[PDB]
$ cat query-v2.pdb   # PDB, N, CA and C atoms
ATOM      1  N   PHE A   1      79.337 111.710  99.174
ATOM      2  CA  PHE A   1      80.449 112.513  99.656
ATOM      3  C   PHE A   1      81.687 111.647  99.894
ATOM      4  N   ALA A   2      81.473 110.421 100.408
ATOM      5  CA  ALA A   2      82.559 109.460 100.603
ATOM      6  C   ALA A   2      83.291 109.185  99.288
ATOM      7  N   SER A   3      82.506 108.919  98.255
ATOM      8  CA  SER A   3      83.063 108.654  96.940
ATOM      9  C   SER A   3      83.374 109.972  96.228
ATOM     10  N   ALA A   4      82.883 111.090  96.792
ATOM     11  CA  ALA A   4      83.180 112.422  96.265
ATOM     12  C   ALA A   4      84.591 112.865  96.653
ATOM     13  N   UNK A   5      84.942 112.653  97.944
ATOM     14  CA  UNK A   5      86.268 112.980  98.504
ATOM     15  C   UNK A   5      87.276 112.040  97.844
ATOM     16  N   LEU A   6      86.955 110.755  97.726
ATOM     17  CA  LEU A   6      87.873 109.816  97.106
ATOM     18  C   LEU A   6      88.421 110.423  95.813
ATOM     19  N   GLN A   7      87.532 111.079  95.082
ATOM     20  CA  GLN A   7      87.912 111.707  93.828
ATOM     21  C   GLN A   7      88.894 112.852  94.084
ATOM     22  N   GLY A   8      88.686 113.530  95.203
ATOM     23  CA  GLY A   8      89.542 114.643  95.575
ATOM     24  C   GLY A   8      90.848 114.147  96.196
ATOM     25  N   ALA A   9      90.750 113.122  97.061
ATOM     26  CA  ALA A   9      91.929 112.493  97.658
ATOM     27  C   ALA A   9      92.907 112.024  96.579
ATOM     28  N   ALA A  10      92.395 111.276  95.587
ATOM     29  CA  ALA A  10      93.195 110.851  94.439
ATOM     30  C   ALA A  10      93.696 112.057  93.641
ATOM     31  N   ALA A  11      92.911 113.124  93.688
ATOM     32  CA  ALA A  11      93.269 114.348  92.992
ATOM     33  C   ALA A  11      94.189 115.186  93.881
ATOM     34  N   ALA A  12      94.255 114.794  95.144
ATOM     35  CA  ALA A  12      95.089 115.498  96.104
ATOM     36  C   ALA A  12      96.376 114.701  96.334
ATOM     37  N   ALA A  13      96.383 113.431  95.893
ATOM     38  CA  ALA A  13      97.576 112.588  95.970
ATOM     39  C   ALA A  13      98.821 113.357  95.522
ATOM     40  N   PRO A  14      98.686 114.040  94.355
ATOM     41  CA  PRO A  14      99.783 114.827  93.817
ATOM     42  C   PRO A  14      99.956 116.131  94.599
ATOM     43  N   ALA A  15      98.887 116.946  94.652
ATOM     44  CA  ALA A  15      98.887 118.180  95.438
ATOM     45  C   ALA A  15      99.740 118.026  96.699
ATOM     46  N   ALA A  16      99.597 116.878  97.385
ATOM     47  CA  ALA A  16     100.425 116.558  98.548
ATOM     48  C   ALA A  16     101.837 116.150  98.120
ATOM     49  N   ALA A  17     101.925 115.208  97.165
ATOM     50  CA  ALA A  17     103.208 114.802  96.591
ATOM     51  C   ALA A  17     104.057 116.020  96.225
ATOM     52  N   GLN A  18     103.379 117.147  96.065
ATOM     53  CA  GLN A  18     104.057 118.388  95.731
ATOM     54  C   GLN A  18     104.772 118.949  96.962
ATOM     55  N   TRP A  19     104.081 119.029  98.125
ATOM     56  CA  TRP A  19     104.680 119.623  99.323
ATOM     57  C   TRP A  19     105.545 118.595 100.100
TER      58      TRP A  19
END

$ encode --input "query-v2.pdb" --output "structure tokens"
Amino acid sequence: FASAXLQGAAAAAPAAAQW
């Protein structure tokens, strides 16, 4: 899950960069 979220965090880097 730790390395699972990392994948999402990096995938959320932009999602956030958006707002």

$ atom_distance --input "query-v2.pdb" --atom1 "atom C of residue 19 in chain A" --atom2 "atom C of residue 4 in chain A"
22.0 Å

$ atom_distance --input "query-v2.pdb" --atom1 "atom C of residue 3 in chain A" --atom2 "CA of residue 18 in chain A"
22.3 Å

$ axis_aligned_box --input "query-v2.pdb" --around "range 13-19 of chain A" --padding-each-side "8 Å" --output "AutoDock Vina command-line options"
--center_x 101.0 --center_y 116.1 --center_z 97.0 --size_x 25.2 --size_y 23.0 --size_z 22.3

$ decode --input "query-v2.pdb" --residues "chain A" --atoms "N, CA and C atoms" --output "PDB file, in the first residue's frame"
ATOM      1  N   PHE A   1       0.823  -1.198   0.000  1.00  0.00           N
ATOM      2  CA  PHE A   1       0.000   0.000   0.000  1.00  0.00           C
ATOM      3  C   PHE A   1       0.867   1.261   0.000  1.00  0.00           C
ATOM      4  N   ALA A   2       1.988   1.219   0.743  1.00  0.00           N
ATOM      5  CA  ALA A   2       2.950   2.321   0.762  1.00  0.00           C
ATOM      6  C   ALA A   2       3.454   2.634  -0.648  1.00  0.00           C
ATOM      7  N   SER A   3       3.846   1.580  -1.350  1.00  0.00           N
ATOM      8  CA  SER A   3       4.333   1.726  -2.710  1.00  0.00           C
ATOM      9  C   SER A   3       3.155   1.801  -3.683  1.00  0.00           C
ATOM     10  N   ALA A   4       1.944   1.490  -3.186  1.00  0.00           N
ATOM     11  CA  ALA A   4       0.724   1.606  -3.983  1.00  0.00           C
ATOM     12  C   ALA A   4       0.281   3.065  -4.102  1.00  0.00           C
ATOM     13  N   UNK A   5       0.304   3.784  -2.955  1.00  0.00           N
ATOM     14  CA  UNK A   5      -0.053   5.214  -2.868  1.00  0.00           C
ATOM     15  C   UNK A   5       1.017   5.989  -3.635  1.00  0.00           C
ATOM     16  N   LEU A   6       2.291   5.658  -3.447  1.00  0.00           N
ATOM     17  CA  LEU A   6       3.351   6.359  -4.150  1.00  0.00           C
ATOM     18  C   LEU A   6       2.974   6.495  -5.627  1.00  0.00           C
ATOM     19  N   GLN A   7       2.404   5.424  -6.160  1.00  0.00           N
ATOM     20  CA  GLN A   7       1.993   5.410  -7.554  1.00  0.00           C
ATOM     21  C   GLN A   7       0.863   6.415  -7.783  1.00  0.00           C
ATOM     22  N   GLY A   8       0.012   6.541  -6.776  1.00  0.00           N
ATOM     23  CA  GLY A   8      -1.111   7.460  -6.855  1.00  0.00           C
ATOM     24  C   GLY A   8      -0.666   8.895  -6.573  1.00  0.00           C
ATOM     25  N   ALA A   9       0.208   9.067  -5.565  1.00  0.00           N
ATOM     26  CA  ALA A   9       0.782  10.374  -5.248  1.00  0.00           C
ATOM     27  C   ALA A   9       1.451  10.994  -6.477  1.00  0.00           C
ATOM     28  N   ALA A  10       2.323  10.216  -7.142  1.00  0.00           N
ATOM     29  CA  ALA A  10       2.953  10.645  -8.391  1.00  0.00           C
ATOM     30  C   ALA A  10       1.906  10.877  -9.483  1.00  0.00           C
ATOM     31  N   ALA A  11       0.814  10.132  -9.379  1.00  0.00           N
ATOM     32  CA  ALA A  11      -0.272  10.258 -10.336  1.00  0.00           C
ATOM     33  C   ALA A  11      -1.200  11.393  -9.902  1.00  0.00           C
ATOM     34  N   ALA A  12      -1.007  11.833  -8.668  1.00  0.00           N
ATOM     35  CA  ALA A  12      -1.818  12.908  -8.121  1.00  0.00           C
ATOM     36  C   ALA A  12      -1.017  14.212  -8.154  1.00  0.00           C
ATOM     37  N   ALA A  13       0.306  14.098  -8.369  1.00  0.00           N
ATOM     38  CA  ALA A  13       1.173  15.268  -8.512  1.00  0.00           C
ATOM     39  C   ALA A  13       0.533  16.318  -9.421  1.00  0.00           C
ATOM     40  N   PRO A  14       0.035  15.839 -10.591  1.00  0.00           N
ATOM     41  CA  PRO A  14      -0.616  16.720 -11.546  1.00  0.00           C
ATOM     42  C   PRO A  14      -2.018  17.106 -11.068  1.00  0.00           C
ATOM     43  N   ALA A  15      -2.872  16.094 -10.835  1.00  0.00           N
ATOM     44  CA  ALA A  15      -4.213  16.316 -10.292  1.00  0.00           C
ATOM     45  C   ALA A  15      -4.223  17.505  -9.328  1.00  0.00           C
ATOM     46  N   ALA A  16      -3.202  17.581  -8.456  1.00  0.00           N
ATOM     47  CA  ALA A  16      -3.033  18.720  -7.552  1.00  0.00           C
ATOM     48  C   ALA A  16      -2.508  19.944  -8.304  1.00  0.00           C
ATOM     49  N   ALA A  17      -1.427  19.754  -9.080  1.00  0.00           N
ATOM     50  CA  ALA A  17      -0.886  20.813  -9.933  1.00  0.00           C
ATOM     51  C   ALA A  17      -1.999  21.505 -10.721  1.00  0.00           C
ATOM     52  N   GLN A  18      -3.112  20.801 -10.854  1.00  0.00           N
ATOM     53  CA  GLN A  18      -4.259  21.340 -11.565  1.00  0.00           C
ATOM     54  C   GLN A  18      -4.976  22.382 -10.705  1.00  0.00           C
ATOM     55  N   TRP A  19      -5.263  22.066  -9.419  1.00  0.00           N
ATOM     56  CA  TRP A  19      -6.011  22.987  -8.560  1.00  0.00           C
ATOM     57  C   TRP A  19      -5.083  24.052  -7.917  1.00  0.00           C
TER      58      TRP A  19
END
